[PDB]
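Chains A and A' are the protein sequences, given in the same order. A prime marks a further copy of an entry chain. The opening position of the first sequence corresponds to residue 1 in the entry's author numbering, with each subsequent residue numbered one higher. The opening position of the second sequence corresponds to residue 1 in the entry's author numbering, with each subsequent residue numbered one higher. All C-beta atoms, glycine included, are put in the ideal place defined by N, C-alpha and C.
There are 2 protein chains.
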Amino acid sequence: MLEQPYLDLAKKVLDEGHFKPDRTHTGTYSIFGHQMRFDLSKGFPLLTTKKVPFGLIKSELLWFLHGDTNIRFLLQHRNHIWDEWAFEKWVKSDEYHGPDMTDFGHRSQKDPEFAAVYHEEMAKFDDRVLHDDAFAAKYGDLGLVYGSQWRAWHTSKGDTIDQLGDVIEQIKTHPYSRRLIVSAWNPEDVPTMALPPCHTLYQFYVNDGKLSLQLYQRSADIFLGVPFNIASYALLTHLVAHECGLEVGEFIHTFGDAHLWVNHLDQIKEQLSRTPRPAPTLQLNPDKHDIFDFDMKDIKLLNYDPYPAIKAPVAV
Amino acid sequence: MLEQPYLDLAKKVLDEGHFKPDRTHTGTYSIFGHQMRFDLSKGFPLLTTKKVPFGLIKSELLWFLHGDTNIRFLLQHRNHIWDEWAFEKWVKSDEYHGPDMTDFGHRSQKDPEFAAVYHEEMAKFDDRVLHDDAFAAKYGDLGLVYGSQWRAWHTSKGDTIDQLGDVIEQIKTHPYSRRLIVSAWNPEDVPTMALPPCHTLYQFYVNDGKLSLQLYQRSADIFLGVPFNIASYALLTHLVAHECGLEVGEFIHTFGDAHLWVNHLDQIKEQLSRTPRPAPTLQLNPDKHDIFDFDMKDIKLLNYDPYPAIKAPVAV
Ligand SMILES: O=c1ccn([C@H]2C[C@H](O)[C@@H](COP(=O)(O)O)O2)c(=O)[nH]1
Ligand SMILES: O=c1ccn([C@H]2C[C@H](O)[C@@H](COP(=O)(O)O)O2)c(=O)[nH]1
């Protein structure tokens, strides 16, 4: 079934990864170097063996696609994926007068008091970003994130390059190009980033009037992260195909470090005992073609009928 | 046997690639997205089913490793891999007074007269680079090539970053890093390069005191190119391991477009009828550890006993 390579990656890490106690005090199982395809003509790979929220994934890809780096657009779709990194900024600023919120990463997952003055300051933070333009401009804006990496990569000559729109125009004029590459990885920023990008670069390819894409993902959370990563790039592959008048081919997912936090063993095992369902179907608005000016309503999921969601603690 | 994944890639493209008539008037068979490992503890992957010149490959990696971008170092080891791109520069300059040498790519492979005034100007060109310092500085120097990408990546703030030496020091201090990445791909240069790099980026990983490396190669000549590419990165993986006091793990080779020019079908088939031999062994100078100051004599191949070389026309 469409999603099986996903369940094969999980199983593979379960009985072959090594214990590697990295970035934290937790531990992981880990493999290095893996690859899996999905034939996108067979259906859209949104995992049916567990409920994944499509709205979150599409509202974030559009954000990237408009080249936007400000959280406000996300909060306006009840998308909180990125609040942490913005709010963190806030928290170490001079204009900040409140509970010291040092290491709320862990601290809001132990202390259950703390973790309530935490959705305190956040709800308060998010709200100001929604309403106060200058605050939004000051702390709502991440700076180095996919949207500006893809569409506004800073040159040294001090201009700004739109890799993604240049590449798309290359696909129309020279589809047989072996050079259709978008990279999110700038070595002059990379050492001072709180998150050097996980999705490092991708490559398009066309043959027989079909578009494929291959993603090199440097580091991957098999349980929480990869389910999302997959639908995100398979969606991009549909948008680009749609804009270039092309058919859709495969999405190829290549990994460097792929891991499973040990706090997730039970949850992944439960999942591995479910039987995939037939995959959902994507539907794009046939009248609109300029994919940079796409809206939520222009992208539809059909026949998604997952098993229930699986709550699981996030990585500390 | 060690080299089999190489023969499996060939076979795979032979009976599954599609005809794609790209960059030229020739044609190729093509697949997109492939991956293969080599367990470097089982021996060094220099193809035994055909004679590959190790001297060429090591003298070029050292060049990259010293961060050098001038051909002269290569010519001093009878390494001509890169003459073309240098000489091309020469040929369109004002100081050039000679036969017009337009499109000597093809032109020296049809005309057999031309192709003799061609090793004329070249032998003449190479010689001046060897002897005339200022000429060497003017036309011997490529500019954007792996050596300066790896070790002298230009910032916009106008400095110069040594990604490779920074990463190596990260491996010593933080081997469990999921961030050990060197990229050769600058989007502000990429559109004005005669050859946007084929070897796009690589990633190191350590576990159980073993070093692995994974290479994302965007575009690959299965017959002429890939045999070299493989020994080049498996060598890098040994050098770095040796410098960091580590054991050697696997070399993982990931491809985007992997192709076979149609002019190579017979030659690859002949090769596929030979039976691999036991692989050779690498030997590094145990006393010297600073790998940036390695010399030819510090790296030895043992027990390489290939089948004969296979002449084949280059791609036009
Ligand atoms: O979309 C995403 C974003 C992040 N990660 C995770 C995996 C790692 O736990 C973390 C990166 O930590 P470092 O890899 O940068 O050390 O990001 C994913 O799997 N998918
Ligand atoms: O070490 C190398 C260098 C080059 N190539 C080839 C494959 C392609 O024929 C060519 C690149 O042409 P474009 O891919 O840039 O279009 O480089 C290799 O396979 N290995």
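Can you say whether residue i is buried or exposed, counting buried as having 16 or more other CB atoms within 10 angstroms of its CB?
{"i": "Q214/A'", "result": "buried"}
{"i": "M101/A'", "result": "buried"}
{"i": "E250/A", "result": "buried"}
{"i": "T160/A", "result": "exposed"}
{"i": "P187/A", "result": "buried"}
{"i": "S30/A'", "result": "buried"}
{"i": "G105/A", "result": "exposed"}
{"i": "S93/A", "result": "exposed"}
{"i": "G67/A'", "result": "buried"}
{"i": "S108/A'", "result": "buried"}
{"i": "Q283/A'", "result": "exposed"}
{"i": "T254/A'", "result": "buried"}
{"i": "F19/A", "result": "exposed"}
{"i": "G158/A", "result": "exposed"}
{"i": "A116/A", "result": "exposed"}
{"i": "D126/A'", "result": "buried"}
By Cβ distance, which residues of its chain are closer than 6 Å to residue i, with the 5 residues on each side in sequence left out?
{"i": "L61/A'", "result": "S232, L235"}
{"i": "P175/A'", "result": "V206"}
{"i": "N79/A'", "result": "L56, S59"}
{"i": "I252/A'", "result": "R37, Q214"}
{"i": "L164/A'", "result": "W150, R151, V182"}
{"i": "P5/A", "result": "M36"}
{"i": "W261/A'", "result": "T26, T28, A315"}
{"i": "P313/A", "result": "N263"}
Can you list, in chain order, the residues of its chain with a C-beta nearer than 8 Å to that of residue i? Leave out the 5 residues immediately preceding and following it.
{"i": "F54/A", "result": "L46, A231, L301, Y304"}
{"i": "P227/A", "result": "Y6, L47, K50, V52"}
{"i": "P278/A'", "result": "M1, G43, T48, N303"}
{"i": "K12/A'", "result": "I31, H34"}
{"i": "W85/A", "result": "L142, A194, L195"}
{"i": "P276/A'", "result": "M1, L2, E3, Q4, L7, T48, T49"}
Report the residue from the options whose alpha carbon sits nearest the alpha carbon of residue i.
{"i": "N285/A", "options": "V262/A, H238/A, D126/A, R277/A", "result": "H238/A"}
{"i": "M36/A", "options": "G256/A, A309/A, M296/A", "result": "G256/A"}
{"i": "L74/A'", "options": "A136/A', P280/A', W153/A', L265/A'", "result": "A136/A'"}
{"i": "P197/A", "options": "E95/A, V52/A, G143/A, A123/A", "result": "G143/A"}
{"i": "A220/A", "options": "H199/A, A152/A, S148/A, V129/A", "result": "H199/A"}
{"i": "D133/A", "options": "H242/A, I71/A, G17/A, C244/A", "result": "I71/A"}
{"i": "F44/A'", "options": "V316/A', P306/A', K311/A', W82/A'", "result": "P306/A'"}
{"i": "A309/A", "options": "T49/A, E16/A, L7/A, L2/A", "result": "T49/A"}
{"i": "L2/A'", "options": "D22/A', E95/A', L40/A'", "result": "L40/A'"}
{"i": "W82/A'", "options": "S156/A', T28/A', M122/A'", "result": "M122/A'"}
{"i": "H77/A'", "options": "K311/A', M296/A', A312/A'", "result": "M296/A'"}
{"i": "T155/A", "options": "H259/A', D189/A', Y118/A', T275/A'", "result": "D189/A'"}
{"i": "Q203/A'", "options": "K12/A, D22/A, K269/A, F32/A", "result": "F32/A"}
{"i": "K288/A", "options": "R23/A, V240/A, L9/A, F19/A", "result": "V240/A"}
{"i": "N263/A'", "options": "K311/A', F292/A', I291/A'", "result": "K311/A'"}
{"i": "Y118/A'", "options": "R128/A', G98/A', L130/A', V129/A'", "result": "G98/A'"}
{"i": "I268/A", "options": "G225/A, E113/A, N229/A, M193/A", "result": "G225/A"}
{"i": "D162/A", "options": "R218/A, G17/A, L65/A, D15/A", "result": "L65/A"}
{"i": "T281/A", "options": "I299/A, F292/A, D266/A", "result": "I299/A"}
{"i": "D15/A'", "options": "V91/A', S273/A', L265/A'", "result": "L265/A'"}
{"i": "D166/A", "options": "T24/A', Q170/A', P191/A', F292/A'", "result": "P191/A'"}
Using C-beta distances below 7 Å, list every residue in its chain close to residue i, excluding the 5 sequence neighbours before and after it, in chain order.
{"i": "residue 328/A'", "result": "Here chain A' has residues from 1 to 316 only, and residue 328/A' is not among them."}
{"i": "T69/A'", "result": "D141, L142, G143, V145, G147, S148"}
{"i": "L246/A", "result": "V206, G209, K210, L211"}
{"i": "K172/A", "result": "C244"}
{"i": "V248/A", "result": "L40, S41, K210, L211, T237, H238, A241"}
{"i": "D22/A'", "result": "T28"}
{"i": "residue 339/A'", "result": "Residue numbering for chain A' in the displayed model covers 1 to 316; residue 339/A' lies beyond these limits and cannot be assessed."}
What are the residues that DSSP puts in a beta bridge with residue i?
{"i": "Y205/A'", "result": "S212/A'"}
{"i": "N263/A", "result": "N263/A pairs with nothing; no bridge assigned."}
{"i": "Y6/A", "result": "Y6/A is not bridged to any residue."}
{"i": "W153/A'", "result": "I161/A'"}
{"i": "residue 324/A", "result": "Given a span of 1 to 316 for chain A in the structure shown, any question on residue 324/A remains unanswerable."}
{"i": "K20/A'", "result": "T28/A'"}
{"i": "residue 351/A'", "result": "Nothing about residue 351/A' can be reported from this structure: the residues present for chain A' run from 1 to 316 only."}
> Listed from N- to C-terminal order along the chain, which residues in the stretch 13–33 of chain A have their beta-carbon within a distance smaller than 7 Å of any beta-carbon of chain A'?
Replying inline: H18, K20, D22, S30, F32, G33
>> Can you pull out the residues from the stretch 171–195 of chain A' whose beta carbon lies closer than 7 Å to at least one beta carbon of chain A?
In response: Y176, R178, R179, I181, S183, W185, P187, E188
> What residues in the stretch 142–158 of chain A' bring their beta carbon closer than 8 Å to a beta carbon of chain A?
Replying inline: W153, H154, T155, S156, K157, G158
> Taking a cut of 9 Å between CB atoms, which residues from the stretch 104–132 of chain A lie near chain A'?
Replying inline: none
>> Against chain A, which members of the stretch 207–234 of chain A' pass a CB distance test of less than 7 Å?
In response: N207, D208, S212, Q214, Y216, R218, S219
> For the stretch 247–263 of chain A, which residues have a CB atom closer than 7 Å to at least one CB atom of chain A', in sequence order?
Replying inline: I252, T254, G256, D257
> For the stretch 43–70 of chain A, which residues have a beta carbon sitting closer than 8 Å to at least one beta carbon of chain A'?
Replying inline: none
>> At a CB distance below 9 Å, what residues from the stretch 158–169 of chain A approach chain A'? Give them in sequence order.
In response: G158, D159, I161, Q163, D166
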